[PDB]
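First up is the structure itself, then whatever we jot down about it.
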Amino acid sequence: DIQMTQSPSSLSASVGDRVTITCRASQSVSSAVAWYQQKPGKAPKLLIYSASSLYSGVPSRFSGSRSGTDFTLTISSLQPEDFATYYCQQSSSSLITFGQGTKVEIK
Amino acid sequence: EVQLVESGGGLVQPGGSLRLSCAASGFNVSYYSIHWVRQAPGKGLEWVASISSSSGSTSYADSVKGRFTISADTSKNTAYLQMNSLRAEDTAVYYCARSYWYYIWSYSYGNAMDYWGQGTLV
Amino acid sequence: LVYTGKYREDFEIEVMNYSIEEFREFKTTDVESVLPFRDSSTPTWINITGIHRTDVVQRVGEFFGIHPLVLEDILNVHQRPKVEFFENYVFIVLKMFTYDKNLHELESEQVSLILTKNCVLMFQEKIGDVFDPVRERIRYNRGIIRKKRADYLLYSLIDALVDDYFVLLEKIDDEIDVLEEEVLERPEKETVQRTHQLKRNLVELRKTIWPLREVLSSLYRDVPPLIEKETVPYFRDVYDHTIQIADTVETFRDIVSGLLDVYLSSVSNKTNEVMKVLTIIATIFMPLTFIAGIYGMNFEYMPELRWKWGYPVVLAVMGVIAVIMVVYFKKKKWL
Amino acid sequence: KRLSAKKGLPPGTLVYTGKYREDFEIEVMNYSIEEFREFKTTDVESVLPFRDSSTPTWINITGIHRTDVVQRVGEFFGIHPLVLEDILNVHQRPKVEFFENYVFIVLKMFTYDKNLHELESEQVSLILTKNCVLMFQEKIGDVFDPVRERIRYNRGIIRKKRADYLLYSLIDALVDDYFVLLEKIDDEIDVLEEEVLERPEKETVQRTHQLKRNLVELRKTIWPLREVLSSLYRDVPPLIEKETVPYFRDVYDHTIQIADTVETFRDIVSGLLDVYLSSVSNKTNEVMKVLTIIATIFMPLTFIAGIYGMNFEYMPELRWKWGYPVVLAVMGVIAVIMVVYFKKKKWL
Amino acid sequence: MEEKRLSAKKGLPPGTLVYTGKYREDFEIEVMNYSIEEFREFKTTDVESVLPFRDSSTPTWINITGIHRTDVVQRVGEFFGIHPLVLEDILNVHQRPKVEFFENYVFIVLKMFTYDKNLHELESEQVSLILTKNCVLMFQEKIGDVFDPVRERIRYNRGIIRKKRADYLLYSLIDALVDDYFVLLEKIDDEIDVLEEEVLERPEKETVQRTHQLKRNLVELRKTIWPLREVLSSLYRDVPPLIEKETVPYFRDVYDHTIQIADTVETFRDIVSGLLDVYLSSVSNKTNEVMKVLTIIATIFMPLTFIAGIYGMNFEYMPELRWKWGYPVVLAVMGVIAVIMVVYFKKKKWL
Amino acid sequence: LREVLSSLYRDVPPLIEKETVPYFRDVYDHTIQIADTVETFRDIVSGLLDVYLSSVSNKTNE
Ligand SMILES: [Mg+2]
Ligand SMILES: [Mg+2]
Ligand SMILES: [Mg+2]
């Protein structure tokens, strides 16, 4: 049971502003961290897998990285399509858990 | 071309049972892993179960361990979640997911749910 | 006997006598307590903690008919793991690593295992072991360990140990992927030392895990008659897990070695930079120090007094000397 | 002999071990004297009926991230599961194994990019059975275009004769297009030597160590190419049919030449680090000489400016012919003798 | 090369055979006559009791330990028909492995190494083999060897050895020597590991001295192992009449062992070569920290003394120095410039 | 060169009229000697640069 604590709980930024979403792992997850976007009333879509690789078809502006147990999903410049809820998922074990989520809304 | 469709969800009396389902089109269940993710209204995604029909291995969330049984059949190319001893805390909008393993180190692998379902509410 | 264990504090003996129907736990310290339990037909588990107590482990060994060379090998703590095959029993020695945060060192604990008939024996250096999951499985009646024989229990012990190897590798992975960026971007005084300790831990792990892979390969290939034939695929699986661990260790060692040699090659440029700074500042501020010291003189008669604006003029010429010394550099790009 | 057991994975699953998951394409060439057919199919069913077709066929499967396709082909074509695992397993060393029905070949490709001295590695695997060549490759972009256009133009004996020439053609093309990259790297290292003889800057260490690691990887790849060509040439397995023994002996000699070349070039590269250390040591020596001379002239002069610059109630100032210029001349004389000593010792 | 004869040594009476080694303590002769029927072991210090074994039909293993007794070597060489030049080569320790083929015997020279701990030294002992019809003569300098496994096999009828003839005994001895070379290589690998640790974690003069000792040890190891490869190759290719045709595959196996050993030695040479640069980089790092301390001190304090000299000159012609102050300005400027320099060194961290 | 001389030494196809094998033995031994001398040279050359670097260090030490 590796609970993931995601910060900030809520954030807001305008279009074109670079932002960052940080995920924290209580225990060690090697690089099995993935990022998804869930529009209101829609199925989540894979964006970043292995904490550094962009999924195919995702815009190249999205990028994630790893710093030990610090996982940060950063957006080069927000877009109208990028005001949604982002989730942090650990896949190190057979038991896989999600983060709380970061809600992004227009300023 | 690829589509993953789940069904069988609906209104259930508390303390009852409900048999879910998931139908896969474009890919064979025998070559992948099928998960289940639920989202209660206004809450975060919570993984509940995972199945690999190639081996039959089952993984169950400690939050809902024992109240759920998961399996798939290769005849109809489908997977399903069977619900037992339901309560109020089990109410959510369940999801069917497809995941593929990726290699990061020789000792550790990862999971990534690249295709999901449309979503069914229970 | 010859003793070299580090710790003396604790000593405890644990025995597990379990069958397909019922199980029993016994906590005691007398040597003779475990003597009747050897005759039990059902597979039995013996846990002995504390190697400094040579007399008790001796009396146990001569009770079990174990050859004294095996006893003295168990007494040895600093040796590479290796597996021995004998008609009466099979002899296995392993390692038990522990990792800590906020201080990066390797602590290894020697463990030895001997399997004869339906009897499982091991000797522990201290209390506490990585074999909590198998004990929990046995206590709560889980798995298929009870149905099989004692060789399956030996399998369970080995695979628990390799599971703890994976747990160690996860922390090593975190440390390496943080030191990667620490070396690449922001060097420190102790980054070099951190890299040396990391490489020391990695090379120690490599030299420990290669013997473990050899041991598991020997167990799988030799298939001795004492261990049942049906349990060989499990040993092969543990061998594959050890292959995974070895590959991970080699990749980690390569990463750390590159981190070392890049920095170790940059040291000459570091020296050139430091001495360029020292030389430029000293050669700019020594002539000016003399100019001030000798024109600020205390002889009786000063030609400097007679000259109008003498103090501003000498300050201006000092500034232009500083300027020409500055422009003396940048011709070789010293600045 | 069966699929290896991994701790993280479920017991039977096969996992791709690479970074490229962008593209999926299948190219099937059924080339023959009478005619040839070419077509691209996005699905895997179309390649299946060619399992036992008499006419030779050449199946190029691009994109191994789709494990489904690879193991479907393996089940259909009789490929053993461990060979499938090693096909998916990109992190690997080139090797070949001989079976009762098929020959499995592993050997890698390298590509090079300008302004970034990075050496890639594409895992391309070959399967030889009946009259079929099965190729699994990570991504679009191959080195076998010359063989493809040679088949399309009908030129060459490869189209008229059996498919073992097709395997030989693929392997020869791969070894040949090692040389474009090798020529690019040789030009890069020659020009880099030009700057390091001209400008020994900070980045030189990083670039030289990058090239050294590149050579280490090339050696770790090339050395397995023998004991692969060795087995193919000496061991003469039945699927070869003994017609192509010199077409394997020449590649043996080529691989031995390449291994000898990399062995020489490793020492050639290490000499560059030696030269860089030489230059930086000489620069440090020059800095020491400059600092030492400046301090050596200007410290006794500070003696003069301090000893005579003392204030005392009864100091033997003893003004002789306004001796302040006399003291200045004394400092000048000692400075001149010091610089003369430095010139004689040749520090400056 | 023409014909061969004893080279004349200046300062020695002509024809003198002299031992050119360092060991004078031990002397012993072992005899092991073995067959499928029975074995007859024998240990003595009489040379006349081994000479009758020349005409034995069964395989014989005579082991003369201690060749400082030149009389014993000369007596054995005369009785067995060995040429005087072969005896000279037997007593010439300062040599490298070789093989010579004659009509009636095969003469081989090998080397034994014993790496020592707590004193990083690789010392060598020369061993000579002569294969005469049914006998295998062995000459050694000091007590101690690597042929205990062959002795055990002879004693207990373990293995194929007792069924075959004397050439199989020569095989077994050479194979035992080549096997112990592997243990030697493992010991030297452990030494390389310890030294490569010690180079970085505590760099001092003894570390580089040990590194140079190890490098020269590797050089002499190669100088020994290459002739071993050549002699094994000659043994299984030229295959004289004394060596039977059924024994060559064993020599092939030993030859492959020698090739692997040579590759191992090459890799060890590369690692030891890199160790020197590692040591130099580490010592330069320590010197770098010392240098940076000096630079920080000088950078902080020289400009302050320069400014003090600026305002310490008794330039009384101008009233600028005569400014009514409580000394805030000069001291404040010195303090702020000093702290600015310190924080400038905090970035681009020197400490 | 050692291999190509060993081939003429040992294989001796009927084109080599025999009785000349010892001559090829002599040339094979000569190749052995040349190889030994060459690698002695390379052993010296490897350390030449280290010697140079230490000499430069000595001068800056002075
Ligand atoms: Mg003063
Ligand atoms: Mg001063
Ligand atoms: Mg220096």
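Chains as they are written, first to last, in the numbering used here: chain A, 10 to 116; chain B, 337 to 458; chain C, 171 to 505; chain D, 148 to 495; chain E, 75 to 425; chain F, 41 to 102.
No residue lacks a Cβ here, since even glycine has one placed at the ideal position from N, Cα and C.
- Checking the 7 Å criterion, the Cβ of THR81 (chain A) is out of range of every heavy atom belonging to ligand 3.
- Using a cutoff of 7 Å, the CB of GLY463 (chain C) counts as near ligand 2, since one of the ligand's heavy atoms is closer than that.
- Taking C-beta atoms as the reference points, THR119 (chain E) and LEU165 (chain E) fail to come closer than 8 Å.
- Distance from the CA of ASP215 (chain D) to the CA of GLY362 (chain B), rounded to the nearest whole angstrom, comes to 11 Å.
- Looking at the DSSP output, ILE370 (chain E) sits in no beta bridge, so it has no partner there.
- Annotated as distal: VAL147 (chain E) and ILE136 (chain E), with beta-carbon spacing of 8 Å or more.
- Look at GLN169 (chain E) here: in three-state DSSP terms it is coil, with no helix or strand label.
- For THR431 (chain D), the distance from the CB to the nearest heavy atom of ligand 2 is not below 7 Å.
- Taking a beta-carbon distance threshold of 8 Å, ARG213 (chain D) does not count as an interface residue toward chain A.
- When C-alpha distances from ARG82 (chain F) are compared across E:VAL180, E:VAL293, E:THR361, the shortest belongs to E:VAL293.
- For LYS83 (chain E), the three-state secondary structure derived from DSSP is coil.
- Residues of chain C whose Cβ lies closer than 7 Å to the Cβ of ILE384 (chain E) are, in chain order, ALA462.
- In this structure, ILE308 (chain C) and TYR404 (chain C) do not form a Cβ contact; the two beta carbons are roughly 17 Å apart against a cut-off of 8 Å.
- Rounded to the nearest whole angstrom, the C-alpha separation of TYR385 (chain E) and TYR465 (chain C) is 12 Å.
- Within the segment 24–40 of chain A, those residues whose Cβ lies closer than 9 Å to any Cβ of chain C are, in chain order, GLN36, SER37, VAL38, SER39, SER40.
- Checking the 7 Å criterion, the Cβ of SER444 (chain B) is out of range of every heavy atom belonging to ligand 3.
- For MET495 (chain C), there are no C-beta contacts with chain E under 8 Å, since the nearest C-beta of that chain is about 13 Å from it.
- Across the segment 405–422 of chain B, no CB contact with chain D closer than 7 Å is found for any residue.
- Within the segment 358–380 of chain E, contact with chain C at the beta-carbon level (separation under 9 Å) is assigned to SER358, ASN359, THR361, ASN362, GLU363, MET365, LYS366, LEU368, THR369, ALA372, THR373, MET376, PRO377, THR379, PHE380.
- The DSSP assignment places no complete run of the beta strand (DSSP E) inside the segment 461–490 of chain D (cut-off: 3 residues).
- Excluding sequence positions up to five before and after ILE440 (chain D), its CB lies within less than 7 Å of the CB of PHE489, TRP494, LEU495, all in the same chain and listed in chain order.
- In this structure, D:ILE415 is the residue among D:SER316, D:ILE415, D:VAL271 with its C-alpha nearest to the C-alpha of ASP333 (chain D).
- Between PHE80 (chain A) and chain B, the shortest Cβ-Cβ separation is not below 8 Å.
- Around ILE415 (chain C), the beta-carbon contacts reaching into chain B at under 9 Å are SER442, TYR443.
- Comparing C-alpha distances from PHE221 (chain E) to each of E:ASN231, E:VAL252, E:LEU196 shows the shortest one belongs to E:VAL252.
- Taking the Cα positions, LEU475 (chain D) is about 37 Å away from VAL364 (chain E).
- Taking all protein chains in view, the Cβ of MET176 (chain D) is crowded by 16 or more other Cβ atoms within 10 Å, so the residue is classified as buried.
- Taking the beta carbon of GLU358 (chain C) as reference, no residue of chain A falls within 8 Å; the closest one sits roughly 16 Å away.
- Chain D places a beta carbon closer than 8 Å to that of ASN468 (chain C), counting this residue as a contact.
- Counted as a single uninterrupted DSSP element, the alpha helix (DSSP H) harbouring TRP370 (chain D) occupies residues 350–372.
- Classified as buried, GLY446 (chain B) has 16 or more neighbouring CB atoms from the shown chains inside 10 Å of its CB.
- When C-beta distances to chain C are compared with 8 Å, every residue of the segment 42–62 of chain A stays at or above that value.
- Taking each of E:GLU271, E:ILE414, E:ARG239 in turn and checking the Cα distance to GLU320 (chain E), the smallest one comes out for E:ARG239.
- Taking 8 Å as the cut-off, the Cβ atoms of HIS356 (chain D) and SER435 (chain C) count as close.
- Look at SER97 (chain F): its beta carbon is less than 7 Å from one of the heavy atoms in ligand 3.
- Just so you know, the alpha carbons of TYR451 (chain B) and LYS440 (chain C) end up roughly 52 Å apart.
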